[PDB]
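Enquirer: File entry00.cif follows (mmCIF, C-alpha atoms and all ligand atoms):
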```cif
data_structure
loop_
_atom_site.group_PDB
_atom_site.id
_atom_site.type_symbol
_atom_site.label_atom_id
_atom_site.label_comp_id
_atom_site.auth_asym_id
_atom_site.auth_seq_id
_atom_site.Cartn_x
_atom_site.Cartn_y
_atom_site.Cartn_z
ATOM 1 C CA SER X 42 8.691 -33.961 11.912
ATOM 2 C CA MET X 43 6.007 -31.216 12.203
ATOM 3 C CA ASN X 44 5.545 -27.913 13.875
ATOM 4 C CA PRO X 45 2.156 -26.895 15.311
ATOM 5 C CA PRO X 46 0.218 -24.071 13.711
ATOM 6 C CA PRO X 47 1.547 -20.778 15.105
ATOM 7 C CA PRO X 48 -0.399 -18.711 17.643
ATOM 8 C CA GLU X 49 -3.093 -16.553 16.055
ATOM 9 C CA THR X 50 -2.248 -12.986 15.202
ATOM 10 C CA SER X 51 -5.639 -11.864 13.994
ATOM 11 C CA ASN X 52 -9.119 -12.758 15.036
ATOM 12 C CA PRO X 53 -11.878 -10.482 13.799
ATOM 13 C CA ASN X 54 -14.165 -12.063 16.561
ATOM 14 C CA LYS X 55 -11.863 -10.650 19.283
ATOM 15 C CA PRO X 56 -12.610 -7.107 20.472
ATOM 16 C CA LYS X 57 -9.600 -4.833 20.377
ATOM 17 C CA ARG X 58 -8.384 -1.409 21.278
ATOM 18 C CA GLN X 59 -5.662 0.916 21.017
ATOM 19 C CA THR X 60 -4.383 2.166 24.438
ATOM 20 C CA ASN X 61 -1.387 4.416 25.325
ATOM 21 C CA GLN X 62 0.027 1.418 27.146
ATOM 22 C CA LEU X 63 -0.237 -0.800 24.049
ATOM 23 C CA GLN X 64 1.471 1.857 21.977
ATOM 24 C CA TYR X 65 4.329 1.908 24.556
ATOM 25 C CA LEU X 66 4.529 -1.866 24.339
ATOM 26 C CA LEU X 67 5.219 -1.575 20.630
ATOM 27 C CA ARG X 68 7.295 1.620 20.383
ATOM 28 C CA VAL X 69 9.404 1.066 23.503
ATOM 29 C CA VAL X 70 9.214 -2.521 24.758
ATOM 30 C CA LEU X 71 9.113 -4.623 21.577
ATOM 31 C CA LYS X 72 11.398 -2.119 19.800
ATOM 32 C CA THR X 73 14.019 -2.403 22.476
ATOM 33 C CA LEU X 74 14.035 -6.214 22.663
ATOM 34 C CA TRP X 75 13.803 -6.713 18.894
ATOM 35 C CA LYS X 76 16.995 -4.774 18.122
ATOM 36 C CA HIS X 77 19.053 -6.568 20.814
ATOM 37 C CA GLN X 78 21.910 -8.847 19.778
ATOM 38 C CA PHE X 79 20.213 -11.767 21.543
ATOM 39 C CA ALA X 80 16.779 -11.320 19.921
ATOM 40 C CA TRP X 81 17.149 -13.622 16.979
ATOM 41 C CA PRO X 82 16.083 -16.961 18.539
ATOM 42 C CA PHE X 83 12.914 -15.208 19.752
ATOM 43 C CA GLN X 84 11.904 -13.371 16.560
ATOM 44 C CA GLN X 85 9.717 -16.174 15.225
ATOM 45 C CA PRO X 86 8.051 -19.389 16.522
ATOM 46 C CA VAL X 87 10.423 -22.122 17.592
ATOM 47 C CA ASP X 88 10.975 -24.301 14.527
ATOM 48 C CA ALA X 89 11.312 -27.649 16.208
ATOM 49 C CA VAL X 90 11.874 -29.375 12.838
ATOM 50 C CA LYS X 91 14.798 -27.203 11.795
ATOM 51 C CA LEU X 92 16.293 -27.177 15.307
ATOM 52 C CA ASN X 93 15.831 -30.961 15.731
ATOM 53 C CA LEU X 94 13.848 -30.580 18.951
ATOM 54 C CA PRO X 95 11.174 -33.164 18.470
ATOM 55 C CA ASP X 96 10.037 -32.938 22.114
ATOM 56 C CA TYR X 97 9.710 -29.130 22.144
ATOM 57 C CA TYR X 98 5.946 -29.032 21.582
ATOM 58 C CA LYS X 99 5.409 -32.043 23.796
ATOM 59 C CA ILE X 100 6.834 -29.872 26.666
ATOM 60 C CA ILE X 101 5.685 -26.368 25.608
ATOM 61 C CA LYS X 102 1.921 -26.270 25.161
ATOM 62 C CA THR X 103 1.594 -22.473 25.242
ATOM 63 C CA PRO X 104 4.172 -21.281 22.693
ATOM 64 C CA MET X 105 4.904 -17.579 22.231
ATOM 65 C CA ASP X 106 7.585 -15.548 20.440
ATOM 66 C CA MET X 107 8.309 -11.928 19.577
ATOM 67 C CA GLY X 108 7.386 -12.350 15.895
ATOM 68 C CA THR X 109 3.867 -13.229 17.046
ATOM 69 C CA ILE X 110 3.836 -10.419 19.568
ATOM 70 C CA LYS X 111 5.052 -7.913 16.923
ATOM 71 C CA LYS X 112 2.270 -8.986 14.576
ATOM 72 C CA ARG X 113 -0.325 -8.810 17.385
ATOM 73 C CA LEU X 114 0.787 -5.259 18.242
ATOM 74 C CA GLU X 115 0.978 -4.073 14.597
ATOM 75 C CA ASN X 116 -2.591 -5.550 14.046
ATOM 76 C CA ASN X 117 -4.065 -4.119 17.279
ATOM 77 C CA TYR X 118 -4.942 -7.740 18.416
ATOM 78 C CA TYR X 119 -5.107 -6.831 22.071
ATOM 79 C CA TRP X 120 -7.695 -5.236 24.344
ATOM 80 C CA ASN X 121 -5.213 -4.312 27.058
ATOM 81 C CA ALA X 122 -1.551 -4.179 27.931
ATOM 82 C CA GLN X 123 -1.687 -6.990 30.387
ATOM 83 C CA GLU X 124 -2.505 -9.465 27.548
ATOM 84 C CA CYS X 125 0.633 -8.417 25.747
ATOM 85 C CA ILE X 126 2.773 -8.447 28.912
ATOM 86 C CA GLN X 127 1.493 -11.970 29.491
ATOM 87 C CA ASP X 128 2.685 -12.942 25.991
ATOM 88 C CA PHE X 129 6.198 -11.739 26.754
ATOM 89 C CA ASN X 130 6.184 -13.601 30.051
ATOM 90 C CA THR X 131 4.947 -16.790 28.345
ATOM 91 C CA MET X 132 7.861 -16.555 25.923
ATOM 92 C CA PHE X 133 10.433 -16.178 28.686
ATOM 93 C CA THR X 134 8.838 -18.958 30.763
ATOM 94 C CA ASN X 135 8.872 -21.362 27.856
ATOM 95 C CA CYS X 136 12.610 -20.826 27.503
ATOM 96 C CA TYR X 137 13.260 -21.366 31.205
ATOM 97 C CA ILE X 138 11.075 -24.483 31.359
ATOM 98 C CA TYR X 139 12.486 -26.186 28.274
ATOM 99 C CA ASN X 140 16.211 -25.455 28.750
ATOM 100 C CA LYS X 141 18.810 -25.898 31.541
ATOM 101 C CA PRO X 142 19.994 -23.042 33.802
ATOM 102 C CA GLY X 143 23.026 -21.371 32.302
ATOM 103 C CA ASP X 144 22.427 -22.666 28.764
ATOM 104 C CA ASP X 145 23.258 -19.865 26.352
ATOM 105 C CA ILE X 146 19.624 -19.585 25.226
ATOM 106 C CA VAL X 147 18.587 -19.016 28.878
ATOM 107 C CA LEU X 148 21.256 -16.272 29.213
ATOM 108 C CA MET X 149 19.786 -14.687 26.122
ATOM 109 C CA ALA X 150 16.230 -14.784 27.525
ATOM 110 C CA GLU X 151 17.488 -13.416 30.851
ATOM 111 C CA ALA X 152 19.112 -10.411 29.135
ATOM 112 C CA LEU X 153 15.956 -9.699 27.182
ATOM 113 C CA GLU X 154 13.814 -10.125 30.276
ATOM 114 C CA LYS X 155 15.980 -7.676 32.237
ATOM 115 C CA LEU X 156 15.289 -5.023 29.621
ATOM 116 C CA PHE X 157 11.596 -5.984 29.492
ATOM 117 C CA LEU X 158 11.277 -5.506 33.278
ATOM 118 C CA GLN X 159 13.077 -2.149 33.079
ATOM 119 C CA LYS X 160 10.702 -0.878 30.438
ATOM 120 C CA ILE X 161 7.575 -2.358 32.022
ATOM 121 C CA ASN X 162 8.460 -0.608 35.258
ATOM 122 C CA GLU X 163 7.721 2.692 33.517
ATOM 123 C CA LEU X 164 4.593 1.660 31.688
ATOM 124 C CA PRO X 165 2.524 4.838 31.519
ATOM 125 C CA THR X 166 -0.740 5.121 33.558
ATOM 126 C CA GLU X 167 -3.590 4.584 31.113
ATOM 127 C CA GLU X 168 -5.152 7.526 29.086
HETATM 128 O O1 LIG F 201 14.076 -22.967 23.840
HETATM 129 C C1 LIG F 201 14.795 -23.425 22.876
HETATM 130 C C2 LIG F 201 14.299 -23.250 21.518
HETATM 131 N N1 LIG F 201 15.569 -22.957 20.735
HETATM 132 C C3 LIG F 201 15.566 -21.954 19.892
HETATM 133 O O2 LIG F 201 14.551 -21.422 19.726
HETATM 134 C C4 LIG F 201 16.868 -21.325 19.295
HETATM 135 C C5 LIG F 201 16.805 -20.845 18.035
HETATM 136 N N2 LIG F 201 17.827 -20.201 17.543
HETATM 137 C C6 LIG F 201 18.985 -20.172 18.288
HETATM 138 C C7 LIG F 201 19.126 -20.621 19.554
HETATM 139 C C8 LIG F 201 20.382 -20.482 20.337
HETATM 140 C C9 LIG F 201 21.184 -19.361 20.210
HETATM 141 C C10 LIG F 201 22.462 -19.245 20.806
HETATM 142 C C11 LIG F 201 22.840 -20.294 21.634
HETATM 143 C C12 LIG F 201 22.025 -21.474 21.783
HETATM 144 C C13 LIG F 201 20.812 -21.509 21.102
HETATM 145 C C14 LIG F 201 18.012 -21.216 20.066
HETATM 146 C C15 LIG F 201 16.637 -23.911 20.906
HETATM 147 C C16 LIG F 201 17.479 -24.348 19.910
HETATM 148 C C17 LIG F 201 18.437 -25.367 20.078
HETATM 149 C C18 LIG F 201 18.646 -25.925 21.297
HETATM 150 C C19 LIG F 201 17.802 -25.498 22.351
HETATM 151 C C20 LIG F 201 16.791 -24.525 22.133
HETATM 152 N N3 LIG F 201 16.005 -24.144 23.072
HETATM 153 NA NA NA F 202 14.257 -26.213 32.854
#
```
Could you take the file, read its structure, and then write that structure out as structure tokens?
Ligand SMILES: O=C1CN(C(=O)c2cncc(-c3ccccc3)c2)c2ccccc2N1
Ligand code: NA

Expert:
Amino acid sequence: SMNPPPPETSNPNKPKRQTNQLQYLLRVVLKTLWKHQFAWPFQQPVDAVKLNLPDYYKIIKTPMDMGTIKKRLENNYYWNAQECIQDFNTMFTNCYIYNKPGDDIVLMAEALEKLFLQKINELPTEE
């Protein structure tokens, strides 16, 4: 069994910026989700070998996880906040697509997503 290479977290080719919104995404949004009791399954790429999920990467072709997002934010990978918001949403969507409603992992994603929406609602206007 084999995992795919993880999503990139640096690309010197890719233009990048710091914005007030990106700083909020790290200091408030990622911080908040990372420390939550339900964060752990989402803190690194899904390890389909260890978890014995050989179909995971046959189903999920756009993987994303908070370990990747954390590294992207700490490296200033992004140009804008919407790229990073999209990453979070990809992560949640992957969980909902792969798993059944009401599975514990889905409950975990839902709790994290509730907090994500709460924080995103007060994203600052750009400086
Ligand atoms: O989307 C996924 C990927 N996944 C995990 O990432 C994962 C990794 N660590 C822990 C959990 C987890 C935590 C509590 C309850 C059930 C699963 C899940 C997982 C593992 C096993 C069975 C189903 C899934 N579904
Ligand atoms: Na599903």

Enquirer: Can you tell me which residues sit at most 8 Å away from ligand NA 202 (chain F), counting all atoms listed in the file, written as number ranges by chain?

Expert: X: 136-142

Enquirer: Place a sphere of radius 12 Å on (-1.5, -22.8, 14.7) in the file coordinates and name every protein, DNA or RNA residue with an atom inside or on its surface, counting all atoms listed in the file; give the answer as a PyMOL selection string.

Expert: chain X and resi 43-51+86+98+102-105+109

Enquirer: Given the choices X:129, X:120, X:157, X:97, which gets closest to ligand LIG 201 (chain F) if the distance is worked out from all atoms listed in the file?

Expert: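 Smallest distance to ligand LIG 201 (chain F) is found for X:97.
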
Enquirer: Can I get the residues close to ligand LIG 201 (chain F) as a PyMOL selection string, where close means within 12 Å and we count all atoms listed in the file?

Expert: chain X and resi 78-98+100-101+104-107+131-150

Enquirer: How many Å lie between CA of residue 58 (chain X) and CA of residue 117 (chain X), rounded to one decimal?

Expert: 6.5 Å

Enquirer: Set the distance at 12 Å and use all atoms listed in the file: which residues neighbour residue 59 (chain X) once local chain neighbours fewer than 6 positions away are removed? I'd like the list as a list in words.

Expert: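 The residues satisfying every condition are residues 65, 66, 67, 113, 114, 115, 116, 117, 118, 119, 120, 121, 122, 167 and 168 of chain X.
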
Enquirer: Box for region 85-100 of chain X - axis-aligned, 6 Å on each of the six sides, all listed atoms - centre and size in Å to one decimal, as JSON.

Expert:
```
{"center_x": 10.9, "center_y": -24.7, "center_z": 19.2, "size_x": 22.9, "size_y": 29.0, "size_z": 26.9}
```

Enquirer: Please, what distance in Å, to one decimal, runs between CA of residue 42 (chain X) and CA of residue 130 (chain X)?

Expert: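 Distance reported for this atom pair: 27.4 Å.
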
Enquirer: Which residue gives the smallest distance to residue 163 (chain X) among X:60, X:112, X:52, X:70, with all atoms listed in the file counted?

Expert: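 Closest residue, counting all atoms listed in the file: X:70.
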
Enquirer: Could you please determine the separation between CA of residue 75 (chain X) and CA of residue 62 (chain X) in Å, to one decimal place?

Expert: 18.0 Å
